[PDB]
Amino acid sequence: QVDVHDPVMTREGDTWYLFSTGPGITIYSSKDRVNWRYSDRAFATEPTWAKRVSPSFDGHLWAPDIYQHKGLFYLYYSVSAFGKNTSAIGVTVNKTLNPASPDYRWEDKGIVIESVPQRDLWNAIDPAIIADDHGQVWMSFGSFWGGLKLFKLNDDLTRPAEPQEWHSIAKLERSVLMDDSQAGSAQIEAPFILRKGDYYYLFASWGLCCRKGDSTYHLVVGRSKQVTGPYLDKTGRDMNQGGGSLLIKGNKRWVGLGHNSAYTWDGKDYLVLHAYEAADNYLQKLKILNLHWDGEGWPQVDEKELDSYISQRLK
């Protein structure tokens, strides 16, 4: 199976592209969303500014997002360090995703936004891009600290619009009296927003990833009429006060899962995530699940598809 973390996806013409946390942002390609061949790393080495944001930076970019805009491909990515909020989200652009195309090259546009310890009570990782009905485009992001944020992008989608317009969209408990440089116990990260019908649906990941056997990582969801919130769960609780309705959690076979994306392709909806295979040393694996919608306007997935979806890494 294809091992990925924090997977996003897009489609250029007839081929699917997948992007994963990994060196330079790992890129895979597939004509059927099942059998995946390696395509490229977006960055050969790393972004030139990466080390001054995060001195210890190991070469692994985190938590990508892929967004199509005015004929161009915008790939957001995160530079960070483990357990810290010395982080930034960058964006690099391409005219195409086909590596053998002469127009293929990724150009770095640099830092969209950066978090600084003791200044910011948020962590500048885990971008997701969403457009609204008024021609505006927003970035949602965040992990731990004071939770998840939404801000308006400027016209080229490389920086916050000025003047700035920000909105908190999901949070868990934290006292400001805590050391600002510490992650805290607000185990929440990785917003993803999908427009469906009259609602925007905010997915987030709760609990702890990356922890083999002790991983409690799972997905919750809420929904809002406006992209800027408030996102309420099934019981009517704002996600800004720790609301969020269980979408999918793990079992004996898949211990922890999350950091999801979500897409509408050819009139059908899909959930894209990673899940830790307990029979394979808890190694993250791509899972694509059919995303359904009940008669009350809430998403639903069949967890058995954690087993029935079996990706294949080709050579």
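All residue numbers are counted from 1 along the displayed sequence.
Between 207-215 and 241-249, the higher mean Cα B-factor belongs to 207-215. Ranked by C-alpha B-factor against the other modelled residues of its chain, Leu257 falls in the lowest third.
The PDB entry assigns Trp293 a C-alpha temperature factor belonging to the lowest third of its chain's modelled residues. Per the PDB record, residue ranking by Cα B-factor puts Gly222 in the lowest third of the chain. Annotation for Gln136: C-alpha temperature factor in the highest third relative to the rest of the modelled chain, per the entry. Ranked by C-alpha B-factor against the other modelled residues of its chain, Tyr200 falls in the lowest third.
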